[PDB]
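>>> PDB entry and its sequence, pasted below:
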Protein chains: 8
Amino acid sequence: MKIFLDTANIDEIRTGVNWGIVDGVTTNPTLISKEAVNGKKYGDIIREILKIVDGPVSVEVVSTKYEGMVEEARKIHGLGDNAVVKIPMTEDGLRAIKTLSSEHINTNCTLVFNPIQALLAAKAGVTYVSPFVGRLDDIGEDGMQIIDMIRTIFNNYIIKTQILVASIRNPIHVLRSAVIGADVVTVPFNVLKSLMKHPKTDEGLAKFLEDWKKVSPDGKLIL
Amino acid sequence: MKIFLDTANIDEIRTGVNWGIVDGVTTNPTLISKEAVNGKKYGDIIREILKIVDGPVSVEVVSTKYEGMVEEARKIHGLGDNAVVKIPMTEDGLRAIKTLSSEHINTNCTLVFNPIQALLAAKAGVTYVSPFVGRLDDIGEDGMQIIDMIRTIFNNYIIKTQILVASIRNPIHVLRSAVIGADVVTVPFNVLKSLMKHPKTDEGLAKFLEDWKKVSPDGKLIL
Amino acid sequence: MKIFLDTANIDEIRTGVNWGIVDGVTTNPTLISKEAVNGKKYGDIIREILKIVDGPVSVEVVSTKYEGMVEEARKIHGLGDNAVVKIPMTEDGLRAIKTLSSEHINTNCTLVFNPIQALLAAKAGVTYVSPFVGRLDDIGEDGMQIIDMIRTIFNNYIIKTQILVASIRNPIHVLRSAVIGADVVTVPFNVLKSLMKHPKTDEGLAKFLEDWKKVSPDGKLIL
Amino acid sequence: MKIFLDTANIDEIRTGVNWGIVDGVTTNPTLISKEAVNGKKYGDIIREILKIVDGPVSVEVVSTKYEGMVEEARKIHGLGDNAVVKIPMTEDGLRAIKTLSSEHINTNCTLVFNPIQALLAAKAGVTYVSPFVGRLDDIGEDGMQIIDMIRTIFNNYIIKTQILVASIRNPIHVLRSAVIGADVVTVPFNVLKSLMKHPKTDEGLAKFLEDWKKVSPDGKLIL
Amino acid sequence: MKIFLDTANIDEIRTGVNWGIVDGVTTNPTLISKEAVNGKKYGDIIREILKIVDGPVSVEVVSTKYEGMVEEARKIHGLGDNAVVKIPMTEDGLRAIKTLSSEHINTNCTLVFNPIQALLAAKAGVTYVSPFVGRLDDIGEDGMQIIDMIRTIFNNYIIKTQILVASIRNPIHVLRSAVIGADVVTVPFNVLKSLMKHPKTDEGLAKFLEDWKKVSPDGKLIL
Amino acid sequence: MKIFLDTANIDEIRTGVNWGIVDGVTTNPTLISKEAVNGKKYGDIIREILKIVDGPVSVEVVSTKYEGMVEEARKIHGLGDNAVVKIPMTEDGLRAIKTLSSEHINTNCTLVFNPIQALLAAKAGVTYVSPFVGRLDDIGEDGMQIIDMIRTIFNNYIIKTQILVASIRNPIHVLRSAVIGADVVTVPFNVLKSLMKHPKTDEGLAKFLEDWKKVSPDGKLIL
Amino acid sequence: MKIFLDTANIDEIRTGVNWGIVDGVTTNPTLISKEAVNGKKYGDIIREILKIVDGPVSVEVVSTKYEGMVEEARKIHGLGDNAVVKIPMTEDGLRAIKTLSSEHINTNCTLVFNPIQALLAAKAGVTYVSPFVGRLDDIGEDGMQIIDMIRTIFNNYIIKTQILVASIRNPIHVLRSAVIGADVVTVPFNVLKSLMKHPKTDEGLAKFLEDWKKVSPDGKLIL
Amino acid sequence: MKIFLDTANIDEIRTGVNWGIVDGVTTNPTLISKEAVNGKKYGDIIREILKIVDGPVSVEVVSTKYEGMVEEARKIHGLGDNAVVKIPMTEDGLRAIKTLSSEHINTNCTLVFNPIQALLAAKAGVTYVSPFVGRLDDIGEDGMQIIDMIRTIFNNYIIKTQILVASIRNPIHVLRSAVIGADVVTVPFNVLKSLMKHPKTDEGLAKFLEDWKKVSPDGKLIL
Ligand SMILES: *C(CO)[C@@H](O)[C@H](O)[C@H](O)COP(=O)(O)O
Ligand SMILES: *[C@@H](CO)[C@@H](O)[C@H](O)[C@H](O)COP(=O)(O)O
Ligand SMILES: *[C@@H](CO)[C@@H](O)[C@H](O)[C@H](O)COP(=O)(O)O
Ligand SMILES: *[C@H](CO)[C@@H](O)[C@H](O)[C@H](O)COP(=O)(O)O
Ligand SMILES: *[C@H](CO)[C@@H](O)[C@H](O)[C@H](O)COP(=O)(O)O
Ligand SMILES: *[C@H](CO)[C@@H](O)[C@H](O)[C@H](O)COP(=O)(O)O
Ligand SMILES: *[C@H](CO)[C@@H](O)[C@H](O)[C@H](O)COP(=O)(O)O
Ligand SMILES: *[C@H](CO)[C@@H](O)[C@H](O)[C@H](O)COP(=O)(O)O
């Protein structure tokens, strides 16, 4: 399972990349417009992320019509080979994904909330599909069940579109995504940061240090 | 999973094909009789659908006897390489299917209501079998259960006949068909249209637009 | 399980009540607006339904604010002892329900789409809660799953609010509701009519008649 | 579980009654008209069965209209206190059951093929409901699954109508009915006869006889 | 799943073969003895079936001893390359099967009533094994349970012997055999004919034809 | 299931109480310390919540030693009959709970992270036990699993301690708690407000209102 | 599944081999010592079984120490290429198995009572492992449970050691072993004989004979 | 499944190696420091274990920082081709693992307590991942459930990192690891010794000895 960072915050991205555990980044118009304030320009933020991140970087079109979507998609793709064009689940969006896939431009269908939307995105040829689990949780449905159905459907038809679990809010979305077999999860920075940690790791290391001091007062390992 | 449109309404067909999400069309004598009104001739309608749809188009024979069925079948096939001959689950119908399969004419056995009828059609060599889930719902049986059994039976024997779920009434027939692994669903146009939609997709788009306006008054993505 | 008719069509109501299989009626502002045409007044229609149905009749308030809701509720209640006030799942609606329950006015909380909304309505003291299964099917979730969860939750807490399955579209919603154990279903008239029917009932009757003619030409039972 | 004999053959009935294992009898127009030949009159057959059988005897009305059904039902009931009036699952039949139940005349709703038909019969007040399992088997559906759903539904609502499994064709319908918890099964004579038998019973008795002869050459037990 | 006819009635066999749905025939001494009356001789009956059926025809030996079984088997095989020799599950029978399998004579082990008998037959080299589901039903065990165990056992050891479900009494034996994945079912004629039929098929056909007459008075499809 | 608010923010508490859906409040030292700024004193905050909330209000001791815990508990209890003393799962805490329970002072054992800790708290006499589901989610364990085990354990021994699910982060913690049958959930304000909401509720309301204006221009319901 | 006979009785072995259903033989020191009485010598018994049985014959060492076990194993192996050396699950036994496996002497680890003992034997390279199901039944544990776990473990690691189910006491140990998929069962003679038999096989044969006499008073099949 | 010994006690290691059932050794700073007393030096202990054990020997770094961990890892690697470098699950540790893997130095990530930590270790390229089951048991969670989830995760993504179950306390951790399909278990010496043992093995050997003495007084097997 690939782990992407779901943010447009360049500091968070630099930190996660230096950790070595970030395989890519997803953004959306809200995430970018949050960072593009007090003089900072959205085009610069997007370019900087593309520069910093070695793996895929998803950037969402803002046009709602087919032609504008395809035009924006081509600009995005032209920014770097790792850019992936995020396109919403709409009629025009499916048309745009079909066209872009024929042009070998990588795409990510977003704002997916049920498994048949995900299947339609796959049938249009989309590289990644992003079902939103936390927004479904928000409205009182366990969003992970949609992931489980998508995985079954995609397995049934040997679908090559990658399942990218999005709207992730906690580490159990991540755990359940891995047990189901989702291809990718994209996670906010807070969540990402907690994935490496456990109190018994901290406690065990502390006791190892203490015990080692008994035979090596300076705490080193001389071999 | 392939998605066919279940209608003979030309406008519906044009529009769905235009959305790029329609992989073929099924008709039957009722759907067609519905369109062949006010001077419109059934032959013109059938030829037009063959013309504008790239994928399979199912057209049903009206004869009830073996010889009439094969004669009408050969005419339907002669109309275009994408024509599929729809033939009812009857004794004469199974014989017709065997003959037509020997002649490399594609066939779709219809009016199937249980799994052993579907198996018999497959044994005759039929290209598609069409169990009617909504009509089973109508008589107080969950029609999807028949689709699950047919999928198991066909898996057991590596049967190449495609399961084409028909008499679809709602998007949960579609969802359950995809989780089971049916090869095709055929859907009325209103159902087709509903499959792309979700209130959280609309709401998420609206919010992305509103947030983007904060940093781009013209609401465009200039890169 | 009680079976209500979901309509404001007087003829439908008369006929279903005449069949003796209808235990009450639910309306909403759309169903009524449909009937209040060509000089027919909504007030006359509501009063007439109250008059001819012996069981509960649900009538929805149109105000969106607490005070308007309780005023309209008290009027609806004042129309007959069988009137049940339908009130939407909103903040103002929950407050209205609590007040009205304190006043021993029967209530039905409507536009419920998940199990915790249903639990909140029950906690307000509502007499019936109405989850909308067909509208959930429309957005690609199996609505019956929500009914199962509500039945479990209400069993866990010995909740006395009746589960009234609404937005019913087919006889399998009805069948699954009865297997789950919902207290009530409300059904459109076409659905109601289909519930009595089965092709093997018709065929069995025909055969009994034909066999009886063999020993009684007049086809009667003379004892 | 009560075991009824499903026949109008008076010899079969006399035999099963003398076995001591027959708790009642069901008939239908086909079963009676089969026996009422070569001079034998249907009224005499019905009277003879009522005389012979101590338990319930179901006799079906032939009228299809409410008034005729109720008139015939009253004649049937007047033939003896153990008569039960069999009435088909139709609109008029439900009306007739309601009326008869209010008149304390025992009723049996027949030609039931799904669980919601059975529920409607129960709601009309019917004493027994008879789902037909073998006729469902005939059309490629496992009829026992309907019994299982009816039992769950009736348990959910503490329904007092007895489930009378009919159209029984083999001893496994009987076994499964007992494991499900159906109140009654009605069985053809062939089936009834096989229920007491097993080859290991025969073999065990034979070996007991043989072994006993060793210590009592005349085969008796003198105590 | 292959479907054989279980009968020695030439008219039934001709009829089913002409339907195109019969893949072979099984006979036994009782079945043949029923037809070999009023002058008809068993040898002619056997030869006539072998001539009419292109697929396997199973004919049972009558000897109970190894040498007689093997001699009769060689005669049976001498009647045609489609003859299959039916041999009972006995010590002599297993020896005969082993010898015949070495001689490349196809064999069918019959009178099997549990899964370990079926495994012993497979280990002797038998081509088909026939567990008798109806006769288990007769003694109060669900016979299909035995088919499911045999399927699992044969799958575990990659056994090439075909499971031929025999003593079939109804269409649910056939349905369950297909869902389990038995290789062959052999069915009496009454059962076979019922497999193609369903009331909704007839009803749907009738409605299509009625609708078609609206646009084509002669009921024709002219293309 | 009772629903408490997990906060010490007076405005949130006033708002939720005025909604009529809040059955009590839980606080902890972090929550209170967040509000006790810019002059506001913790004592006033505690007393103000006790005055506003008619239901239980849980207030945590700060002493880590038995004697201090018991003294603080008695002060807390002295503030009002609805005060519940929150005491951590520690050796001292269990001793304090046992003493306080004997004194008829209501108690809430907090900082519980597995089912055996919850059982120890129940055995000390505690009124409520609060397992922390979100903090388990944080370290990569599905916290709801622990609630399910505690429910089963408490049911086995007919334990009267209430399960109060704490550290709730989303509406699915609440849904799952209700399906499990936890006695109480305590939720932060953001979560609480989201529980009443669903997009289909808003959409349905809007459509009803639009339809009603068709028959009542002023949007009124005059009865 | 291979079926071995578990005995040292030469008459039983000769009978079973002559039946054609015995694939090999296991012995142990108790079984041999039982036969080696009244002047019969164990060396003679061992050699005679090796001579009679085509397949594997397991003969157990008596030494408890590594060097003696390996020496005795070499003597056993020298008796015939079908001899398999039975070695107990002990520390020295595992050493002996590893050595003998390196010398290409086939081995069978015996006295195994749980799945991890079986795993250790496999890791030593043993040809067969013999878990003892009946001695586990004797002490109130269902011994077939360990067969199931051993099958799963060996499947997980693609282990080549054959599972040889031993201490078999009845035909249901055999049935369950085949359904699990054990490689081999070794059975006492009484059990072996019972596997071919069933009362309905006997009954069925008798009836076929009787019916055949009708068309052939000879009892012959002339073809 | 590989079985390693979890100790730094040379006598235990020597004994287990000599038994031939030990596939490798894991150590940690606590285990080494326990043995490095009475003048014994950790460098010597480590070297002696590397010398005695043919299989993998895991030796833990003591630095907490990337640079020092990588330096120590290269020293450890330098000691012998069978050295595996044990590195804790920390940010620095994942960085070190990635570096060492790129240098083809075998690694074992330790102090893992949930499945997502294990997944992060696998994504860094680690050779072995060691989840600690007994320490999870110590805090009231069944640690084996974590192994089951890791096995499913690794199977989903075809992960080559071996699952090395650590912190093992009893033989049922071993049995459940084998049934799940973990690649390796590492076990303390007292657990390792109990794995070969069972009371029925001892009892069966004693009885075989006694029975054999009856036919060979010296207890020998002369062949
Ligand atoms: C290395 C990782 O495989 C091992 O030596 C572990 O540190 C121990 O297995 C941990 O066990 P304890 O919980 O008993 O320290
Ligand atoms: C052909 C078979 O795939 C289809 O056109 C079917 O006739 C319809 O899907 C049946 O649907 P209705 O039950 O709505 O006629
Ligand atoms: C009142 C609540 O029981 C009912 O009239 C509901 O409004 C309808 O059942 C909703 O059905 P639709 O989804 O068809 O409007
Ligand atoms: C792109 C799709 O993978 C992402 O940036 C999604 O928009 C977010 O993951 C959605 O998360 P929120 O529900 O928190 O906006
Ligand atoms: C009365 C209802 O209990 C019965 O006589 C039924 O009509 C028969 O049991 C139906 O059986 P068939 O399907 O064999 O007619
Ligand atoms: C041969 C074995 O496949 C068949 O002819 C069997 O004898 C029959 O299928 C047995 O059926 P009955 O139990 O109905 O005799
Ligand atoms: C008291 C126990 O019911 C509560 O106030 C708890 O402390 C909180 O629910 C803990 O939640 P956080 O993990 O969000 O602090
Ligand atoms: C050798 C190992 O396969 C066999 O001879 C076993 O010793 C016996 O199967 C053990 O059976 P008992 O428990 O009945 O002695």
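Yes, it's here. Residues are numbered from 1 along each chain as shown, chains lettered A, B, ... in the order given. Ligands and ions are numbered 1, 2, ... in the order given.
>>> buried set for stretch A:77-90?
In terms of neighbour count (16 or more other CB atoms under 10 Å in any protein chain shown), stretch A:77-90 has its buried residues at A:77, A:79, A:82-90. For the C-beta atoms, the positions are set from N, CA and C on the backbone; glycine is no exception.
>>> check whether it contacts chain B.
Yes - against chain B, stretch A:77-90 shows contacts by CB under 8 Å from any CB of the partner chain at A:78-79, A:88-90.
>>> Which residue lies closest in space to the closest residue to ligand 7 within chain A, excluding its sequence neighbours?
At 11.9 Å from ligand 7, residue A:170 is the closest residue in chain A, using CB to the nearest ligand atom. Closest residue in space to residue A:170, ignoring its immediate chain neighbours: residue F:137 at 4.9 Å, by CB to CB, 6 or more residues apart in numbering or on different chains.
>>> Can you give me every residue that contacts residue A:55?
A:2, A:4, A:22-25, A:82 (CB atoms under 8 Å, 6 or more residues apart in numbering or on different chains).
>>> can you tell me which residues contact residue A:96?
Contacts here follow CB under 8 Å, 6+ apart; on that basis residue A:96 touches A:61, A:66, A:69-70, A:73, A:87.
>>> and of these, the nearest to chain D?
Using CB to the nearest CB, residue A:87 comes nearest to chain D of the contacts of residue A:96, at 44.9 Å.
>>> I figured the closest one hits residue A:108, correct?
Yes - under the criterion of CB atoms under 8 Å, residue A:87 makes contact with residue A:108 at 7.1 Å.
>>> thinking again about what came up before, touching, the residue of chain A closest to ligand 7 and residue F:169? I think so.
Yes - taking contacts as CB under 8 Å, residue A:170 lies within contact range of residue F:169: 6.5 Å.
>>> Between those two, which is the more surrounded one?
residue A:170 (25 against 21; other CB atoms under 10 Å in any protein chain shown).
>>> Let me have the host helix or strand of residue A:211 in PDB, keeping just the CA atoms, if that works.
Element membership of residue A:211, judged by DSSP states H and E, is helix A:199-212. The C-alpha trace of helix A:199-212 is given here as PDB (Å, rounded to 0.1, in the frame of the first residue of the first chain):
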ATOM      1  CA  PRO A 199       3.700   3.800  23.700                       C
ATOM      2  CA  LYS A 200       5.100   0.300  24.000                       C
ATOM      3  CA  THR A 201       7.900   1.100  21.400                       C
ATOM      4  CA  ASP A 202       8.900   4.200  23.600                       C
ATOM      5  CA  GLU A 203       8.800   2.100  26.800                       C
ATOM      6  CA  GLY A 204      10.700  -0.800  25.300                       C
ATOM      7  CA  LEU A 205      13.500   1.400  23.900                       C
ATOM      8  CA  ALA A 206      13.800   3.100  27.300                       C
ATOM      9  CA  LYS A 207      14.200  -0.200  29.100                       C
ATOM     10  CA  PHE A 208      16.800  -1.400  26.500                       C
ATOM     11  CA  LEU A 209      18.800   1.800  27.100                       C
ATOM     12  CA  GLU A 210      18.700   1.500  30.800                       C
ATOM     13  CA  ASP A 211      19.700  -2.200  30.700                       C
ATOM     14  CA  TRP A 212      22.500  -1.600  28.200                       C
END
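>>> Can you list the buried residues in that helix?
A:200-201, A:204-205, A:208, A:211-212.
>>> Pull the distance from it to the chain's centre.
Chain-centre distance of helix A:199-212: 33 Å, with CA atoms, centre = their mean, to the nearest Å.
>>> Helix, strand, or coil at the residue most central in space within chain A?
Centroid-nearest residue in chain A, with CA atoms, centre = their mean: residue A:186, separated by 2.7 Å. Secondary structure, DSSP: H, G, I helix; E, B strand; the rest coil: residue A:186 is strand.
>>> who's in contact with it?
So residue A:186 contacts A:3-6, A:24-26, A:58, A:130, A:164-166, A:168 (CB under 8 Å, 6+ apart).
>>> Are any of the residues you listed buried, and if so which?
A:3-6, A:24-26, A:58, A:130, A:164-166, A:168.
>>> Closest to ligand 2 out of the residues you listed?
For the buried ones among the contacts of residue A:186, the nearest to ligand 2 is residue A:130 (32.5 Å; CB to the nearest ligand atom).
>>> wait, is the closest one part of a strand?
Yes - the assignment for residue A:130 is a strand, going by three-state DSSP.
>>> Restricted to strands, list the contacts of residue A:55.
A:2, A:4, A:25 (DSSP state E).
>>> gap between the single nearest residue of chain A relative to ligand 6 and ligand 4?
Of all residues in chain A, residue A:156 sits closest to ligand 6, at 36.2 Å by CB to the nearest ligand atom. Computed as CB to the nearest ligand atom, to the nearest Å, the residue A:156 to ligand 4 distance reads 23 Å.
>>> looking at it, that residue is touching residue B:181, isn't it?
Yes - look at residue A:156 against residue B:181 with CB under 8 Å: they come within range, at 4.0 Å.
>>> overlap in contacts of those two?
residue B:1.
>>> Which residue ranges of chain A form helices?
A:10-19, A:29-35, A:42-52, A:66-78, A:91-102, A:115-123, A:133-138, A:144-156, A:171-180, A:189-195, A:199-212 (DSSP state H).
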